[PDB]
Structures are given as structure tokens and as C-alpha cells.
4 protein chains.
Amino acid sequence: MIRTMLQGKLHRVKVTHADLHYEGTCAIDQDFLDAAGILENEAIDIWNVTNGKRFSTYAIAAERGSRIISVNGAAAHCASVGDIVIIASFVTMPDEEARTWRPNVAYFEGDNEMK
Amino acid sequence: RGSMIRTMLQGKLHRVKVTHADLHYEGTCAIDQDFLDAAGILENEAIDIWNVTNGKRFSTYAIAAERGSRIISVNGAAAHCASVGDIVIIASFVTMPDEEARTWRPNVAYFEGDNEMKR
Amino acid sequence: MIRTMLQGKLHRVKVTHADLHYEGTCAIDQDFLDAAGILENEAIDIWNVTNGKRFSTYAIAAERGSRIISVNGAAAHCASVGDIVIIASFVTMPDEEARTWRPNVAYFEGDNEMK
Amino acid sequence: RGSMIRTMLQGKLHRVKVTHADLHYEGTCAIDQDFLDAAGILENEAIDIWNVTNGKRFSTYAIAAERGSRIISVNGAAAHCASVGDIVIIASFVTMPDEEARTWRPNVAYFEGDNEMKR
Ligand code: NA
Ligand code: NA
């Protein structure tokens with residue numbers, strides 16, 4: 001059987017931009033994507049610690065070192081600048097592999113400073 | 001064998017406008033076949049609809065509307081989630097192994113006006 | 001690439017029972033499951049035409065011919081007796097097969113009379 | 001090859017009670033490893049939580065809490081969706097080909113009282 005497993009997680013990043021009108025696509029500092037194993041164009045779940053909203057989208061890379069978490073398009077209805085969110089992706093694999101799988105978790109403090 | 005499988009954006013229709021929404025007398029969401037083609041979306045494929053106007057997010061499937069009709073019809077229970085005039089994003093996601101995912105290019109079609117696909 | 005496709009749909013069935021406390025598991029007349037290709041223990045989506053709620057659960061079989069649609073446990077917060085719902089399941093398959101895939105759709109009127 | 005793949009209930013914890021819920025200082029949901037074993041749920045597996053008390057439904061993942069702790073800890077953003085004392089159902093779903101799905105038996109564990117697993 002095939003299991004759905006946490007691939008990686010950005011833990012407690014702060015939303016830095018949220019534009020309904022002008023922008024549409026969610027964007028995340030490429031360094032953060034790299035640490036969590038999350039890919040450009042991959043499905044992600046965003047869990048908003050500030051307001052409790054939970055939604056699914058995909059992200060593209062923001063510039064390395066920018067520390068950007070940009071939640072745009074329709075998703076701007078779900079997060080505001082300054083909200084603390086958790087961003088996760090999930091992968092599937094057979095049960096035998098899933099039993100030893102290790103996700104990639106990156107922790108943040110302050111203004112999206114990775115620990 | 002046993003490769004880790006990613007869920008990736010296959011394609012999307014960016015900022016199409018809902019043209020029809022009927023709760024009672026229709027059920028199935030329908031999208032102009034030309035639009036489905038541009039986004040690589042199939043008839044009967046699962047789609048996510050993200051409503052830019054009201055923020056609602058939901059999952060359904062679509063059938064093809066007549067080519068050239070420019071229809072985006074959100075019917076059945078989903079008519080509680082969108083209305084005629086609303087701007088929505090319609091996406092489909094596929095699964096593939098990690099290596100393919102890392103160079104995958106989604107099929108994105110951009111819209112304006114009367115559901116005119118931009119060049 | 002692997003596509004997620006509609007497997008089958010029960011179109012406009014009426015909820016006949018909704019018990020939060022006593023029962024937990026959603027149940028559907030086995031004849032209806034058979035017509036839609038939906039399996040016992042399969043993930044299903046329920047889209048409530050009456051109140052707009054959309055949720056995911058799984059169902060077990062109710063007695064053949066009972067015409068039961070029972071929405072119980074936590075899901076009783078999402079539907080009431082008399083609500084009209086659409087129940088769907090989805091399967092995955094490769095793109096090449098998905099292009100010709102045909103879902104199983106069953107239509108209903110009145111008191112869960114299949115057409 | 002090309003078999004149609006079903007999403008099936010793998011297992012569930014039926015009517016466990018939330019024992020801890022911390023928004024700010026913790027993130028990860030945790031479940032007594034004995035409970036994970038009984039339901040066939042893995043550490044880091046996607047789970048659905050259906051809150052019997054308040055009707056909220058959400059998806060997350062769990063890590064193992066100490067065996068015998070009887071912990072059901074719903075933390076991070078998910079602490080907006082459950083509270084200590086709430087009765088919840090925790091399910092995981094797996095995928096498999098249609099033939100296997102048709103005879104698949106989910107791993108269901110039933111609870112009462114102080115998160116006591118019924119025989
Ligand atoms: Na407009
Ligand atoms: Na109790």
C-alpha cells in the first residue's frame with residue numbers, strides 16, 4: 001500500500017506580502033524551499049497559526065536570501081502580512097519505505113531567520 | 001521502485017470569470033474545451049477552484065463545454081461557492097517521481113476580459 | 001504523469017439519517033455504491049447542495065434496497081436529514097488511460113429512487 | 001500496469017479525546033505510539049482529524065508520543081480546530097489497486113473513557 005507522508009515543513013514563518021489583485025502566485029525564498037525539500041510548483045499546505053485557516057496551493061521560488069513568504073491571488077483572503085504560518089508538502093511512497101521516512105523540517109524565528 | 005512521488009501543479013487557468021452558476025437544475029462544472037486544452041486539464045479530472053473574488057477554495061471536477069463557448073460553469077453544490085462574475089483560478093495537480101518533478105513545467109493559461117486567453 | 005479522475009458520483013441523493021452521538025460511520029445503500037463503483041471504506045467527497053458544505057469521509061454499505069444515505073459521527077455537523085448531497089470518489093491512473101476514462105454516474109429523484 | 005488506484009481508509013482511532021492543545025509553544029500533533037500501532041498509522045503520515053464535538057475537519061500529520069502516555073496532542077495552527085476534551089476521529093488513508101481495495105480491511109481502534117482502547 002502507498003502512504004502519504006510529510007515531505008517537509010517550514011515551521012513558523014511570517015507572511016511578508018499578501019496581494020490579492022496584482023500578484024497571484026505564492027512565493028517562498030528559494031533557500032527555505034531548499035531546506036524543506038519543497039519544490040517550485042509543488043502542492044503545499046499552509047496552516048495559519050494566527051487565524052487558524054488551512055488551505056492548499058503551490059509555490060514558486062522568491063529570490064534567495066529575500067526571506068519572502070508571499071501569499072497572493074485568492075490565497076490573500078487566507079493570510080495577512082505578519083501572520084505566522086506553517087507550510088508543508090507531502091509525498092507518497094510504499095509502506096516499507098514510509099516506515100523509516102524522515103521529513104525535512106526547518107525552524108524559524110524573528111523575521112524568517114532560519115535556525 | 002519505491003520512488004518518492006510528488007504532487008505537482010499540472011496546469012491552471014489563471015483569472016477566468018465564472019459565466020454560469022446553477023445550484024438546482026444543473027450539477028456538473030463545465031469549461032470550454034479550448035481552455036482545458038491550454039491548461040492540459042482533462043474532462044473528468046479533479047480540479048481545485050480558488051475564488052479570487054470571495055476567497056472560497058474547493059475541489060470538484062469538470063466536463064468539457066463546447067469549444068469556443070468560453071464557458072466557466074460552476075454548478076451543483078459548488079454554486080454556493082462561486083457566482084457569475086467571480087474571478088477564479090482553476091488548477092489541476094498530477095503526481096510524478098521527484099526527478100521529473102524537479103524539471104516539470106506546468107501548463108498555465110492567462111485570461112482577461114471576456115475569458116480571452118492572452119498570448 | 002498520474003491523473004486524479006472522477007471514479008463515480010451519486011447525483012442528488014437525500015440524507016436519510018444524521019446521528020452525531022450514537023453512530024459514527026457514513027452508510028450508503030449497497031445498490032448505490034455498486035452503481036457508482038464506490039467501495040466500502042473508500043474515500044468519498046460529499047458536496048451538500050442544500051447548505052454548500054463540502055467534506056471528505058468514507059462510507060460503509062447500508063442494506064441493499066434500503067435507499068439509506070446516513071451521515072454520522074463528526075459529519076453530522078455537515079448534513080441534516082433531507083439535505084440533498086452529491087457523493088463522489090476519485091481514482092488515480094496514468095495520463096494515457098485518463099484521457100479515455102469514463103466515470104460511473106448514478107442519478108436520483110424523489111426518495112433516493114435511482115433513474 | 002496502469003491499474004486504477006483507489007484511496008482507502010487505512011485505519012482510524014475512533015473517538016479519542018484530545019489531551020493537549022497548544023497553539024503558540026508547540027507545533028506538531030502527537031499520538032501515543034500504542035494508538036498509532038493499533039490503527040496502523042505511521043509517524044509522519046498524513047492524517048485527517050474529524051472533530052465530533054465541534055464539527056471541524058482538518059488534515060495534518062502526527063508524530064509518536066511516548067508509549068502508554070495516552071496523549072492526543074493537537075498543536076500548532078491545529079489548536080484552532082480542537083481543544084482539550086474534544087472527541088475526535090483520527091484517520092489515515094492509503095492508496096492501492098482496485099482489486100486489493102475490494103477486500104481491504106481497515107485497522108480500526110475504538111476508544112472510551114481515559115483514551116482506553118476497547119477490546
Ligand atoms: Na473583471
Ligand atoms: Na467524554
# chains A, B, ... in the order shown; residues from 1 in each chain; ligands from 1
$ residues_near_ligand --ligand "ligand 2" --cutoff "12 Å" --atoms "only C-alpha atoms and all ligand atoms" --output "ChimeraX atom specification"
/C:21 /D:15-19,52-53,84-88,111-116
$ write_last_selection --atoms "N, CA and C atoms" --output "mmCIF file, in the first residue's frame"
data_model
loop_
_atom_site.group_PDB
_atom_site.id
_atom_site.type_symbol
_atom_site.label_atom_id
_atom_site.label_comp_id
_atom_site.auth_asym_id
_atom_site.auth_seq_id
_atom_site.Cartn_x
_atom_site.Cartn_y
_atom_site.Cartn_z
ATOM 1 N N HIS C 21 -24.106 11.380 17.824
ATOM 2 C CA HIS C 21 -23.722 10.667 19.043
ATOM 3 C C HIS C 21 -23.620 9.151 18.862
ATOM 4 N N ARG D 15 -13.038 8.082 18.284
ATOM 5 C CA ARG D 15 -13.494 8.779 19.494
ATOM 6 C C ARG D 15 -12.439 8.801 20.579
ATOM 7 N N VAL D 16 -11.228 9.160 20.177
ATOM 8 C CA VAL D 16 -10.225 9.550 21.152
ATOM 9 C C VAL D 16 -10.520 10.960 21.634
ATOM 10 N N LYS D 17 -10.020 11.284 22.812
ATOM 11 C CA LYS D 17 -10.214 12.583 23.408
ATOM 12 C C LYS D 17 -8.900 13.366 23.337
ATOM 13 N N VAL D 18 -8.997 14.620 22.928
ATOM 14 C CA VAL D 18 -7.835 15.496 22.871
ATOM 15 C C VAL D 18 -7.345 15.784 24.293
ATOM 16 N N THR D 19 -6.058 15.543 24.530
ATOM 17 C CA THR D 19 -5.494 15.706 25.863
ATOM 18 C C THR D 19 -4.655 16.954 26.021
ATOM 19 N N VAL D 52 -15.687 15.508 16.472
ATOM 20 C CA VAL D 52 -17.077 15.172 16.764
ATOM 21 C C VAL D 52 -17.738 16.277 17.573
ATOM 22 N N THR D 53 -16.971 16.910 18.444
ATOM 23 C CA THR D 53 -17.526 17.920 19.331
ATOM 24 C C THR D 53 -17.913 19.197 18.597
ATOM 25 N N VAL D 84 -8.741 20.667 24.361
ATOM 26 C CA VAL D 84 -8.691 19.603 25.348
ATOM 27 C C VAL D 84 -10.112 19.213 25.749
ATOM 28 N N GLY D 85 -10.416 17.923 25.674
ATOM 29 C CA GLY D 85 -11.741 17.431 25.967
ATOM 30 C C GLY D 85 -12.547 17.083 24.745
ATOM 31 N N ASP D 86 -12.235 17.680 23.601
ATOM 32 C CA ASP D 86 -12.953 17.351 22.381
ATOM 33 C C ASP D 86 -12.782 15.892 22.002
ATOM 34 N N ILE D 87 -13.843 15.313 21.456
ATOM 35 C CA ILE D 87 -13.832 13.948 20.924
ATOM 36 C C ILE D 87 -13.561 14.053 19.448
ATOM 37 N N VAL D 88 -12.560 13.319 18.981
ATOM 38 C CA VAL D 88 -12.165 13.334 17.582
ATOM 39 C C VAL D 88 -12.005 11.921 17.038
ATOM 40 N N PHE D 111 -12.241 3.731 21.189
ATOM 41 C CA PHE D 111 -11.835 4.292 22.475
ATOM 42 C C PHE D 111 -13.019 4.713 23.308
ATOM 43 N N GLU D 112 -12.775 4.725 24.611
ATOM 44 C CA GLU D 112 -13.703 5.243 25.596
ATOM 45 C C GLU D 112 -12.923 5.772 26.774
ATOM 46 N N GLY D 113 -13.629 6.464 27.645
ATOM 47 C CA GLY D 113 -13.066 6.882 28.903
ATOM 48 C C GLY D 113 -11.793 7.678 28.763
ATOM 49 N N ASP D 114 -10.775 7.257 29.491
ATOM 50 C CA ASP D 114 -9.487 7.935 29.506
ATOM 51 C C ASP D 114 -8.621 7.423 28.356
ATOM 52 N N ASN D 115 -9.106 7.578 27.124
ATOM 53 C CA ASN D 115 -8.437 7.046 25.942
ATOM 54 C C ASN D 115 -8.032 5.595 26.145
ATOM 55 N N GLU D 116 -8.972 4.821 26.663
ATOM 56 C CA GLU D 116 -8.829 3.387 26.803
ATOM 57 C C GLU D 116 -9.280 2.738 25.505
#
$ select_by_dssp --residues "chain B" --states "strand (DSSP E or B)" --output "NGL selection string"
:B and (5-17 or 20 or 29-32 or 45-51 or 57-65 or 72-73 or 87-97 or 107-112 or 116-117)
$ select_by_dssp --residues "chain C" --states "alpha helix (DSSP H)" --output "PyMOL selection string"
chain C and resi 30-36+95-98
$ residues_around --residues "residue 68 (chain B)" --least-positions-apart "6" --cutoff "9 Å" --atoms "only C-alpha atoms" --output "PyMOL selection string"
chain B and resi 32-35
$ residues_around --residues "residue 50 (chain B)" --least-positions-apart "6" --cutoff "8 Å" --atoms "only C-alpha atoms" --output "PyMOL selection string"
(chain A and resi 74-75) or (chain B and resi 56-58+88-90)
$ write_last_selection --atoms "C-alpha atoms" --output "compact mmCIF listing (two decimals), in the first residue's frame"
# COMPACT_ATOMS: atom_id res chain seq x y z
CA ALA A 74 -7.16 34.09 -3.94
CA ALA A 75 -4.98 32.96 -1.02
CA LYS B 56 -13.56 30.32 -1.23
CA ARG B 57 -11.49 27.28 -2.17
CA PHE B 58 -12.98 23.99 -3.26
CA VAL B 88 -11.35 32.24 -10.21
CA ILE B 89 -8.21 30.19 -10.66
CA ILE B 90 -8.77 26.60 -11.81
$ interface_residues --of "chain A" --to "chain D" --cutoff "6 Å" --atoms "only C-alpha atoms" --output "PDB file with N, CA and C atoms, in the first residue's frame"
ATOM      1  N   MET A   1       0.861  -1.213   0.000  1.00  0.00           N
ATOM      2  CA  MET A   1       0.000   0.000   0.000  1.00  0.00           C
ATOM      3  C   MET A   1       0.869   1.224   0.000  1.00  0.00           C
ATOM      4  N   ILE A   2       0.328   2.312  -0.499  1.00  0.00           N
ATOM      5  CA  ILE A   2       1.067   3.535  -0.651  1.00  0.00           C
ATOM      6  C   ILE A   2       0.617   4.512   0.422  1.00  0.00           C
ATOM      7  N   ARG A   3       1.583   5.060   1.140  1.00  0.00           N
ATOM      8  CA  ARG A   3       1.356   6.002   2.235  1.00  0.00           C
ATOM      9  C   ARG A   3       1.595   7.430   1.779  1.00  0.00           C
ATOM     10  N   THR A   4       0.853   8.355   2.377  1.00  0.00           N
ATOM     11  CA  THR A   4       1.089   9.781   2.216  1.00  0.00           C
ATOM     12  C   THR A   4       1.833  10.262   3.444  1.00  0.00           C
ATOM     13  N   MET A   5       3.026  10.805   3.239  1.00  0.00           N
ATOM     14  CA  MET A   5       3.946  11.161   4.307  1.00  0.00           C
ATOM     15  C   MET A   5       4.349  12.612   4.195  1.00  0.00           C
ATOM     16  N   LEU A   6       4.566  13.239   5.336  1.00  0.00           N
ATOM     17  CA  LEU A   6       5.120  14.585   5.343  1.00  0.00           C
ATOM     18  C   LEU A   6       6.481  14.550   4.677  1.00  0.00           C
ATOM     19  N   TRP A  47      -0.927  26.344   6.897  1.00  0.00           N
ATOM     20  CA  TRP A  47      -1.684  26.289   8.138  1.00  0.00           C
ATOM     21  C   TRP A  47      -1.349  27.562   8.892  1.00  0.00           C
ATOM     22  N   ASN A  48      -2.359  28.410   9.032  1.00  0.00           N
ATOM     23  CA  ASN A  48      -2.160  29.752   9.547  1.00  0.00           C
ATOM     24  C   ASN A  48      -2.321  29.713  11.062  1.00  0.00           C
ATOM     25  N   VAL A  49      -1.209  29.877  11.767  1.00  0.00           N
ATOM     26  CA  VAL A  49      -1.213  29.829  13.218  1.00  0.00           C
ATOM     27  C   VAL A  49      -1.949  31.033  13.804  1.00  0.00           C
ATOM     28  N   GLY A  52      -5.944  30.439  12.134  1.00  0.00           N
ATOM     29  CA  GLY A  52      -6.488  29.089  12.054  1.00  0.00           C
ATOM     30  C   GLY A  52      -6.859  28.576  10.673  1.00  0.00           C
TER      31      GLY A  52
END
$ atom_distance --atom1 "CA of residue 106 (chain D)" --atom2 "CA of residue 44 (chain C)"
15.3 Å
$ residues_around --residues "residue 114 (chain C)" --least-positions-apart "5" --cutoff "12 Å" --atoms "only C-alpha atoms" --output "list in words"
residues 10, 11, 12, 13, 14, 29, 31, 32, 33, 34, 35, 36, 65, 67, 105, 106, 107, 108 and 109 of chain C
$ atom_distance --atom1 "CA of residue 18 (chain A)" --atom2 "CA of residue 12 (chain B)"
20.3 Å
$ atom_distance --atom1 "CA of residue 53 (chain C)" --atom2 "CA of residue 40 (chain C)"
22.5 Å
